[PDB]
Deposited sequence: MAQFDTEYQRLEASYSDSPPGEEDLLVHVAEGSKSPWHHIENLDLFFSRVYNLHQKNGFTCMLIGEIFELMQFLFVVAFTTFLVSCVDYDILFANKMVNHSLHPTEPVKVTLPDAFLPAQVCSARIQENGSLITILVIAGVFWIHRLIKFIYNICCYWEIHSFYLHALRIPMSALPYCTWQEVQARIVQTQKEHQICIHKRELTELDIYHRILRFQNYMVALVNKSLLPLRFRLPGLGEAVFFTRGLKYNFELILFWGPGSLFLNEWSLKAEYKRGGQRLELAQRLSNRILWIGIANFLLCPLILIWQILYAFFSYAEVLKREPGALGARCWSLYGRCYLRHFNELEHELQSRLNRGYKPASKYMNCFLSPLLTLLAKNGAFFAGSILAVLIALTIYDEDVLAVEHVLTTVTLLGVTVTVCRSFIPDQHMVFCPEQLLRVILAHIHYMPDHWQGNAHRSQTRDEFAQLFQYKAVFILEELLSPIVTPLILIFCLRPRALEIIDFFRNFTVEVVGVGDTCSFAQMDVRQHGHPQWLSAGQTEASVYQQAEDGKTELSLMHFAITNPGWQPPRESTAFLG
(Lines of atoms letter the chains of each structure in order from A and count residues from 1; the text may use other names and numbers.)
(Lines give C-alpha, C1' and ligand atoms only; values in the text may rest on other atoms or scores of the structure.)
Protein backbone atom coordinates (compact mmCIF):
# COMPACT_ATOMS: atom_id res chain seq x y z
CA UNK A 1 0.00 0.00 0.00
CA UNK A 2 3.09 2.21 0.38
CA UNK A 3 4.25 1.85 -3.22
CA UNK A 4 5.36 5.14 -4.82
CA UNK A 5 3.76 7.53 -2.32
CA UNK A 6 5.28 10.30 -4.51
CA UNK A 7 5.42 12.76 -1.59
CA UNK A 8 8.39 11.27 0.24
CA UNK A 9 9.26 14.66 1.77
CA UNK A 10 6.01 15.00 3.72
CA UNK A 11 5.82 11.23 4.26
CA UNK A 12 9.22 11.07 5.97
CA UNK A 13 8.50 14.29 7.85
CA UNK A 14 5.37 12.68 9.29
CA UNK A 15 7.16 9.40 10.02
CA UNK A 16 9.72 11.37 12.03
CA UNK A 17 7.17 13.60 13.75
CA UNK A 18 5.14 10.60 14.92
CA UNK A 19 8.29 9.18 16.50
CA UNK A 20 9.09 12.52 18.14
CA UNK A 21 5.59 13.14 19.49
CA UNK A 22 5.60 9.83 21.28
CA UNK A 23 2.77 7.73 19.88
CA UNK A 24 -0.28 8.32 17.72
CA UNK A 25 -2.62 8.52 20.71
CA UNK A 26 -0.37 10.98 22.54
CA UNK A 27 -0.14 13.21 19.46
CA UNK A 28 -3.93 13.07 19.10
CA UNK A 29 -4.43 14.05 22.75
CA UNK A 30 -1.87 16.84 22.44
CA UNK A 31 -3.68 18.39 19.50
CA UNK A 32 -7.04 17.99 21.26
CA UNK A 33 -5.67 19.84 24.29
CA UNK A 34 -4.18 22.60 22.16
CA UNK A 35 -7.56 23.18 20.49
CA UNK A 36 -9.13 23.23 23.96
CA UNK A 37 -6.55 25.77 25.16
CA UNK A 38 -7.47 28.20 22.39
CA UNK A 39 -11.20 27.69 22.95
CA UNK A 40 -10.82 28.19 26.71
CA UNK A 41 -8.75 31.36 26.36
CA UNK A 42 -11.28 32.94 24.01
CA UNK A 43 -14.37 31.87 25.96
CA UNK A 44 -12.92 32.90 29.33
CA UNK A 45 -11.89 36.33 28.08
CA UNK A 46 -15.36 36.85 26.60
CA UNK A 47 -16.96 35.72 29.86
CA UNK A 48 -14.84 38.02 32.04
CA UNK A 49 -15.58 40.95 29.74
CA UNK A 50 -19.34 40.44 29.35
CA UNK A 51 -21.03 38.42 32.10
CA UNK A 52 -19.37 39.45 35.36
CA UNK A 53 -20.40 42.89 36.65
CA UNK A 54 -17.67 43.79 39.21
CA UNK A 55 -20.09 46.15 40.97
CA UNK A 56 -21.57 43.69 43.47
CA UNK A 57 -18.26 41.79 43.53
CA UNK A 58 -16.10 44.73 44.67
CA UNK A 59 -18.77 45.42 47.32
CA UNK A 60 -20.08 48.82 46.24
CA UNK A 61 -25.04 37.97 54.34
CA UNK A 62 -21.94 36.82 52.48
CA UNK A 63 -21.63 37.59 48.78
CA UNK A 64 -21.47 34.37 46.78
CA UNK A 65 -19.98 34.00 43.31
CA UNK A 66 -23.27 33.10 41.52
CA UNK A 67 -24.47 36.54 42.62
CA UNK A 68 -21.98 38.31 40.36
CA UNK A 69 -22.68 36.11 37.32
CA UNK A 70 -25.43 37.74 35.28
CA UNK A 71 -28.14 35.43 33.89
CA UNK A 72 -27.32 33.84 30.56
CA UNK A 73 -30.00 35.72 28.61
CA UNK A 74 -28.84 39.21 29.56
CA UNK A 75 -25.17 38.20 29.25
CA UNK A 76 -25.79 36.98 25.70
CA UNK A 77 -27.68 40.19 24.92
CA UNK A 78 -24.73 42.20 26.24
CA UNK A 79 -22.36 40.14 24.09
CA UNK A 80 -24.55 40.80 21.04
CA UNK A 81 -24.89 44.55 21.64
CA UNK A 82 -21.10 45.02 21.63
CA UNK A 83 -20.06 44.79 17.98
CA UNK A 84 -16.39 45.59 18.50
CA UNK A 85 -16.18 42.30 20.41
CA UNK A 86 -18.53 40.38 18.12
CA UNK A 87 -16.17 41.01 15.19
CA UNK A 88 -13.17 39.49 16.97
CA UNK A 89 -15.47 36.64 17.99
CA UNK A 90 -16.34 35.63 14.41
CA UNK A 91 -12.71 36.04 13.37
CA UNK A 92 -11.55 33.72 16.16
CA UNK A 93 -14.39 31.31 15.43
CA UNK A 94 -13.51 30.91 11.77
CA UNK A 95 -9.84 30.50 12.71
CA UNK A 96 -10.74 27.77 15.20
CA UNK A 97 -12.99 26.09 12.62
CA UNK A 98 -10.17 26.08 10.06
CA UNK A 99 -7.85 24.60 12.69
CA UNK A 100 -10.39 21.89 13.51
CA UNK A 101 -10.73 21.01 9.82
CA UNK A 102 -6.95 20.72 9.51
CA UNK A 103 -6.90 18.50 12.61
CA UNK A 104 -9.63 16.24 11.19
CA UNK A 105 -7.61 15.84 7.99
CA UNK A 106 -4.35 15.18 9.84
CA UNK A 107 -6.06 12.48 11.93
CA UNK A 108 -6.36 10.21 8.89
CA UNK A 109 -3.07 11.42 7.41
CA UNK A 110 -1.33 10.19 10.57
CA UNK A 111 -3.37 7.02 11.05
CA UNK A 112 -1.83 6.02 7.73
CA UNK A 113 1.63 6.47 9.27
CA UNK A 114 0.55 4.54 12.36
CA UNK A 115 -0.41 1.63 10.12
CA UNK A 116 2.93 1.94 8.30
CA UNK A 117 4.72 1.69 11.65
CA UNK A 118 2.68 -1.31 12.77
CA UNK A 119 2.94 -3.39 9.60
CA UNK A 120 5.92 -2.40 7.45
CA UNK A 121 8.23 -1.93 10.45
CA UNK A 122 6.99 -4.42 13.09
CA UNK A 123 7.38 -1.69 15.72
CA UNK A 124 4.42 -1.78 18.14
CA UNK A 125 2.92 1.53 19.17
CA UNK A 126 3.86 0.63 22.76
CA UNK A 127 7.60 0.41 22.00
CA UNK A 128 7.96 3.84 20.38
CA UNK A 129 8.70 5.97 23.50
CA UNK A 130 11.50 3.48 24.29
CA UNK A 131 13.00 3.25 20.79
CA UNK A 132 15.57 5.54 19.21
CA UNK A 133 15.51 7.26 15.85
CA UNK A 134 18.69 5.41 14.91
CA UNK A 135 16.84 2.09 15.26
CA UNK A 136 13.73 3.41 13.49
CA UNK A 137 15.82 4.65 10.57
CA UNK A 138 17.80 1.40 10.42
CA UNK A 139 14.55 -0.58 10.25
CA UNK A 140 13.18 1.72 7.54
CA UNK A 141 16.33 1.27 5.45
CA UNK A 142 16.45 -2.50 6.09
CA UNK A 143 12.86 -3.32 5.12
CA UNK A 144 12.97 -0.97 2.12
CA UNK A 145 12.42 -3.89 -0.29
CA UNK A 146 9.26 -5.25 1.37
CA UNK A 147 7.16 -2.12 1.89
CA UNK A 148 8.55 -0.83 -1.44
CA UNK A 149 8.44 2.94 -0.99
CA UNK A 150 11.30 4.09 -3.25
CA UNK A 151 12.85 1.73 -5.80
CA UNK A 152 12.76 4.39 -8.52
CA UNK A 153 16.18 5.32 -7.23
CA UNK A 154 18.49 2.35 -6.75
CA UNK A 155 18.24 2.13 -2.95
CA UNK A 156 17.25 4.12 0.12
CA UNK A 157 19.92 5.59 2.39
CA UNK A 158 20.11 7.43 5.68
CA UNK A 159 21.61 10.36 3.81
CA UNK A 160 18.58 10.32 1.50
CA UNK A 161 16.07 10.37 4.35
CA UNK A 162 18.08 13.16 6.02
CA UNK A 163 18.00 15.23 2.82
CA UNK A 164 14.28 14.53 2.47
CA UNK A 165 13.42 15.67 5.99
CA UNK A 166 15.70 18.71 6.30
CA UNK A 167 15.54 20.15 2.78
CA UNK A 168 14.21 23.55 3.85
CA UNK A 169 15.96 23.73 7.21
CA UNK A 170 19.29 23.44 5.40
CA UNK A 171 18.33 26.43 3.23
CA UNK A 172 17.26 28.46 6.26
CA UNK A 173 20.51 27.65 8.06
CA UNK A 174 22.55 28.64 5.00
CA UNK A 175 20.68 31.94 4.68
CA UNK A 176 20.94 32.88 8.36
CA UNK A 177 24.64 32.00 8.45
CA UNK A 178 25.48 33.83 5.21
CA UNK A 179 23.63 36.90 6.53
CA UNK A 180 21.19 37.14 3.62
CA UNK A 181 18.36 37.98 6.04
CA UNK A 182 17.63 41.23 7.97
CA UNK A 183 17.96 40.20 11.61
CA UNK A 184 20.57 42.65 12.96
CA UNK A 185 20.07 46.34 13.66
CA UNK A 186 21.74 49.30 15.37
CA UNK A 187 19.46 50.66 18.09
CA UNK A 188 20.44 53.97 19.75
CA UNK A 189 20.53 52.98 23.41
CA UNK A 190 21.62 49.37 23.01
CA UNK A 191 23.55 49.31 19.74
CA UNK A 192 23.76 45.97 17.94
CA UNK A 193 20.55 44.00 18.44
CA UNK A 194 19.62 40.65 16.89
CA UNK A 195 15.85 40.43 16.39
CA UNK A 196 14.69 36.99 15.26
CA UNK A 197 11.27 35.69 16.32
CA UNK A 198 8.92 32.87 15.40
CA UNK A 199 6.80 35.29 13.39
CA UNK A 200 9.78 36.47 11.34
CA UNK A 201 10.96 32.91 10.70
CA UNK A 202 7.46 31.78 9.71
CA UNK A 203 7.11 34.74 7.34
CA UNK A 204 10.51 34.09 5.77
CA UNK A 205 9.64 30.44 5.20
CA UNK A 206 6.19 31.30 3.83
CA UNK A 207 7.69 33.84 1.43
CA UNK A 208 10.45 31.58 0.16
CA UNK A 209 9.30 27.95 0.23
CA UNK A 210 5.59 27.47 0.95
CA UNK A 211 2.79 28.72 -1.25
CA UNK A 212 1.71 28.35 -4.87
CA UNK A 213 3.96 31.03 -6.34
CA UNK A 214 7.02 30.55 -4.15
CA UNK A 215 10.50 29.63 -5.36
CA UNK A 216 9.90 25.86 -5.26
CA UNK A 217 7.72 24.22 -7.90
CA UNK A 218 6.24 21.20 -6.15
CA UNK A 219 8.21 20.31 -3.02
CA UNK A 220 11.66 19.11 -4.16
CA UNK A 221 12.55 21.20 -7.23
CA UNK A 222 12.66 24.96 -7.56
CA UNK A 223 11.19 26.33 -10.77
CA UNK A 224 13.58 26.19 -13.71
CA UNK A 225 13.40 29.96 -14.21
CA UNK A 226 15.42 30.38 -11.00
CA UNK A 227 18.33 28.33 -12.41
CA UNK A 228 19.19 30.89 -15.11
CA UNK A 229 20.80 34.32 -15.02
CA UNK A 230 18.97 36.08 -17.83
CA UNK A 231 15.79 36.91 -15.91
CA UNK A 232 17.59 38.03 -12.74
CA UNK A 233 15.94 41.45 -12.47
CA UNK A 234 12.46 40.09 -13.28
CA UNK A 235 12.80 37.44 -10.59
CA UNK A 236 14.02 40.03 -8.09
CA UNK A 237 11.12 42.38 -8.85
CA UNK A 238 8.59 39.54 -8.59
CA UNK A 239 10.03 38.48 -5.24
CA UNK A 240 9.93 42.10 -4.07
CA UNK A 241 6.25 42.42 -4.99
CA UNK A 242 5.46 39.16 -3.17
CA UNK A 243 7.35 40.32 -0.07
CA UNK A 244 5.51 43.65 -0.15
CA UNK A 245 2.11 41.97 -0.35
CA UNK A 246 2.89 39.57 2.50
CA UNK A 247 4.23 42.40 4.65
CA UNK A 248 1.03 44.35 4.02
CA UNK A 249 -1.01 41.33 5.12
CA UNK A 250 1.11 41.02 8.27
CA UNK A 251 0.35 44.66 9.08
CA UNK A 252 -3.37 44.14 8.49
CA UNK A 253 -3.51 41.22 10.94
CA UNK A 254 -1.43 43.12 13.52
CA UNK A 255 -4.18 43.98 16.08
CA UNK A 256 -5.53 40.41 16.11
CA UNK A 257 -2.08 38.88 16.54
CA UNK A 258 -1.16 41.42 19.21
CA UNK A 259 -4.32 40.83 21.24
CA UNK A 260 -3.78 37.07 21.07
CA UNK A 261 -0.14 37.39 22.15
CA UNK A 262 -1.02 39.65 25.10
CA UNK A 263 -3.81 37.35 26.30
CA UNK A 264 -1.73 34.18 25.97
CA UNK A 265 1.27 35.71 27.72
CA UNK A 266 -0.85 36.96 30.62
CA UNK A 267 -2.56 33.59 30.97
CA UNK A 268 0.61 31.50 30.73
CA UNK A 269 3.19 33.67 32.53
CA UNK A 270 1.38 35.50 35.37
CA UNK A 271 1.16 32.65 37.88
CA UNK A 272 4.96 32.44 37.83
CA UNK A 273 5.11 35.96 39.30
CA UNK A 274 3.98 34.33 42.57
CA UNK A 275 4.88 30.66 42.17
CA UNK A 276 8.53 31.27 41.18
CA UNK A 277 9.26 34.97 40.51
CA UNK A 278 12.93 34.27 39.78
CA UNK A 279 12.13 32.00 36.84
CA UNK A 280 12.23 34.92 34.40
CA UNK A 281 15.82 35.75 35.32
CA UNK A 282 16.96 32.47 33.79
CA UNK A 283 18.13 32.12 30.20
CA UNK A 284 17.36 30.08 27.10
CA UNK A 285 18.95 29.43 23.72
CA UNK A 286 17.64 32.13 21.41
CA UNK A 287 15.97 31.38 18.10
CA UNK A 288 19.04 32.92 16.48
CA UNK A 289 21.39 30.71 18.46
CA UNK A 290 19.47 27.65 17.33
CA UNK A 291 19.95 28.52 13.65
CA UNK A 292 23.56 29.57 14.32
CA UNK A 293 24.81 26.48 16.18
CA UNK A 294 23.05 24.07 13.79
CA UNK A 295 24.96 21.73 11.50
CA UNK A 296 23.85 20.73 8.03
CA UNK A 297 21.72 17.57 7.96
CA UNK A 298 21.01 17.57 11.70
CA UNK A 299 17.65 16.66 13.16
CA UNK A 300 15.80 18.68 15.78
CA UNK A 301 16.39 16.21 18.61
CA UNK A 302 20.05 15.86 17.62
CA UNK A 303 20.36 19.63 18.01
CA UNK A 304 18.44 19.74 21.27
CA UNK A 305 20.72 17.06 22.72
CA UNK A 306 23.72 19.37 22.36
CA UNK A 307 21.79 22.44 23.46
CA UNK A 308 20.84 20.52 26.62
CA UNK A 309 24.30 19.11 27.33
CA UNK A 310 25.72 22.62 27.03
CA UNK A 311 23.20 24.50 29.17
CA UNK A 312 24.60 24.33 32.71
CA UNK A 313 28.08 25.62 31.73
CA UNK A 314 26.37 28.26 29.61
CA UNK A 315 24.46 29.42 32.68
CA UNK A 316 27.54 29.37 34.92
CA UNK A 317 29.46 31.45 32.37
CA UNK A 318 26.77 34.10 32.05
CA UNK A 319 26.51 34.18 35.85
CA UNK A 320 30.26 34.77 36.24
CA UNK A 321 29.66 38.29 34.82
CA UNK A 322 28.58 40.51 37.71
CA UNK A 323 26.56 43.65 37.02
CA UNK A 324 27.72 46.10 39.73
CA UNK A 325 24.99 48.73 39.44
CA UNK A 326 22.30 46.04 39.24
CA UNK A 327 23.65 44.27 42.33
CA UNK A 328 23.74 47.56 44.24
CA UNK A 329 20.17 48.42 43.27
CA UNK A 330 18.98 44.91 44.15
CA UNK A 331 20.61 44.94 47.58
CA UNK A 332 19.24 48.36 48.48
CA UNK A 333 15.73 47.71 47.18
CA UNK A 334 15.60 44.42 49.06
CA UNK A 335 16.75 46.14 52.26
CA UNK A 336 14.07 48.83 52.07
CA UNK A 337 11.27 46.46 51.04
CA UNK A 338 12.12 43.94 53.75
CA UNK A 339 12.40 46.66 56.39
CA UNK A 340 8.87 47.83 55.65
CA UNK A 341 7.58 44.25 55.38
CA UNK A 342 9.02 43.24 58.75
CA UNK A 343 7.18 46.07 60.51
CA UNK A 344 3.94 45.15 58.74
CA UNK A 345 4.33 41.47 59.67
CA UNK A 346 5.18 42.24 63.30
CA UNK A 347 2.10 44.44 63.60
CA UNK A 348 -0.06 41.74 62.02
CA UNK A 349 1.30 39.11 64.42
CA UNK A 350 0.87 41.25 67.53
CA UNK A 351 -2.71 42.08 66.51
CA UNK A 352 -4.50 40.79 63.43
CA UNK A 353 -7.20 43.46 63.28
CA UNK A 354 -4.64 45.41 61.21
CA UNK A 355 -5.30 43.11 58.27
CA UNK A 356 -8.72 44.76 57.86
CA UNK A 357 -7.01 48.09 57.11
CA UNK A 358 -7.71 49.35 53.61
CA UNK A 359 -4.45 48.52 51.83
CA UNK A 360 -2.33 46.45 54.22
CA UNK A 361 -2.84 43.05 52.57
CA UNK A 362 -2.10 44.16 49.01
CA UNK A 363 0.85 46.17 50.36
CA UNK A 364 2.24 43.05 52.05
CA UNK A 365 1.76 40.92 48.93
CA UNK A 366 3.46 43.43 46.64
CA UNK A 367 6.33 43.96 49.10
CA UNK A 368 6.89 40.22 49.32
CA UNK A 369 6.98 40.01 45.53
CA UNK A 370 9.42 42.94 45.43
CA UNK A 371 11.83 41.49 47.99
CA UNK A 372 11.67 38.05 46.35
CA UNK A 373 12.44 39.40 42.88
CA UNK A 374 15.19 41.70 44.21
CA UNK A 375 16.82 38.83 46.12
CA UNK A 376 17.03 37.03 42.75
CA UNK A 377 19.64 39.37 41.23
CA UNK A 378 22.07 39.18 44.19
CA UNK A 379 24.66 36.52 43.28
CA UNK A 380 25.67 33.97 45.87
CA UNK A 381 28.49 35.46 47.93
CA UNK A 382 30.60 32.31 47.38
CA UNK A 383 31.04 31.39 43.71
CA UNK A 384 34.23 30.52 41.86
CA UNK A 385 35.20 32.67 38.86
CA UNK A 386 36.87 30.56 36.15
CA UNK A 387 35.54 31.96 32.86
CA UNK A 388 38.25 30.28 30.76
CA UNK A 389 37.59 26.66 31.74
CA UNK A 390 33.88 27.21 31.05
CA UNK A 391 34.19 28.12 27.38
CA UNK A 392 36.39 25.05 26.88
CA UNK A 393 33.47 22.88 28.04
CA UNK A 394 30.81 24.88 26.20
CA UNK A 395 32.58 24.80 22.83
CA UNK A 396 32.84 21.04 23.31
CA UNK A 397 29.02 20.92 23.13
CA UNK A 398 27.78 23.77 20.95
CA UNK A 399 30.68 23.18 18.50
CA UNK A 400 30.61 26.77 17.16
CA UNK A 401 32.37 29.82 18.57
CA UNK A 402 33.83 32.93 16.91
CA UNK A 403 37.60 32.94 16.65
CA UNK A 404 37.98 35.95 18.97
CA UNK A 405 36.51 34.22 22.02
CA UNK A 406 39.07 31.63 23.14
CA UNK A 407 41.75 34.22 23.87
CA UNK A 408 39.68 36.63 25.99
CA UNK A 409 36.65 35.16 27.76
CA UNK A 410 36.47 37.73 30.57
CA UNK A 411 36.00 40.82 28.39
CA UNK A 412 32.73 42.71 28.16
CA UNK A 413 32.89 42.06 24.41
CA UNK A 414 32.36 38.29 24.53
CA UNK A 415 29.66 38.47 27.20
CA UNK A 416 27.39 40.57 24.97
CA UNK A 417 28.30 38.59 21.86
CA UNK A 418 27.40 35.38 23.68
CA UNK A 419 24.23 36.96 25.07
CA UNK A 420 22.76 36.87 21.56
CA UNK A 421 23.10 33.07 21.63
CA UNK A 422 21.80 32.80 25.23
CA UNK A 423 19.12 35.36 26.07
CA UNK A 424 16.90 36.18 29.03
CA UNK A 425 13.54 34.45 29.15
CA UNK A 426 12.04 37.89 29.80
CA UNK A 427 13.77 39.32 26.73
CA UNK A 428 12.37 36.41 24.73
CA UNK A 429 8.86 37.19 26.00
CA UNK A 430 9.30 40.89 25.25
CA UNK A 431 10.60 40.46 21.71
CA UNK A 432 7.76 38.00 21.14
CA UNK A 433 5.22 40.60 22.23
CA UNK A 434 6.73 43.23 19.92
CA UNK A 435 6.67 40.81 16.98
CA UNK A 436 3.15 41.52 15.61
CA UNK A 437 4.10 45.21 15.58
CA UNK A 438 7.63 45.19 14.17
CA UNK A 439 7.35 42.17 11.88
CA UNK A 440 5.83 44.02 8.89
CA UNK A 441 8.40 46.82 9.19
CA UNK A 442 11.27 44.38 8.74
CA UNK A 443 9.24 42.69 5.99
CA UNK A 444 8.80 45.92 3.99
CA UNK A 445 11.86 48.12 4.55
CA UNK A 446 14.62 45.68 5.54
CA UNK A 447 13.88 42.51 3.54
CA UNK A 448 12.51 43.93 0.29
CA UNK A 449 15.78 45.62 -0.80
CA UNK A 450 17.73 42.38 -0.27
CA UNK A 451 15.36 40.51 -2.61
CA UNK A 452 18.06 40.62 -5.29
CA UNK A 453 20.91 38.82 -3.53
CA UNK A 454 18.66 36.05 -2.19
CA UNK A 455 17.76 35.11 -5.76
CA UNK A 456 21.47 35.15 -6.55
CA UNK A 457 22.00 32.73 -3.65
CA UNK A 458 19.34 30.22 -4.71
CA UNK A 459 20.81 30.35 -8.22
CA UNK A 460 24.41 29.46 -7.34
CA UNK A 461 23.94 27.48 -4.09
CA UNK A 462 21.71 24.58 -5.15
CA UNK A 463 22.85 21.04 -5.98
CA UNK A 464 20.82 18.41 -7.85
CA UNK A 465 21.39 15.26 -5.81
CA UNK A 466 20.08 12.30 -7.79
CA UNK A 467 17.06 10.58 -6.26
CA UNK A 468 16.46 13.48 -3.85
CA UNK A 469 16.17 16.64 -5.97
CA UNK A 470 17.36 20.19 -5.30
CA UNK A 471 19.23 20.57 -2.01
CA UNK A 472 21.52 23.22 -0.52
CA UNK A 473 25.29 23.11 -0.89
CA UNK A 474 27.29 22.39 2.27
CA UNK A 475 31.02 22.43 1.47
CA UNK A 476 30.72 25.44 -0.85
CA UNK A 477 30.60 28.04 1.93
CA UNK A 478 32.25 26.52 5.04
CA UNK A 479 32.65 29.97 6.58
CA UNK A 480 31.04 29.11 9.92
CA UNK A 481 33.74 29.75 12.49
CA UNK A 482 34.72 26.45 14.11
CA UNK A 483 33.11 23.51 12.32
CA UNK A 484 32.54 20.14 13.99
CA UNK A 485 30.58 16.88 13.41
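Unmodelled regions of the deposited chain sequence (numbering from residue 1, in sequence order): 1-35, 96-107, 533-578.
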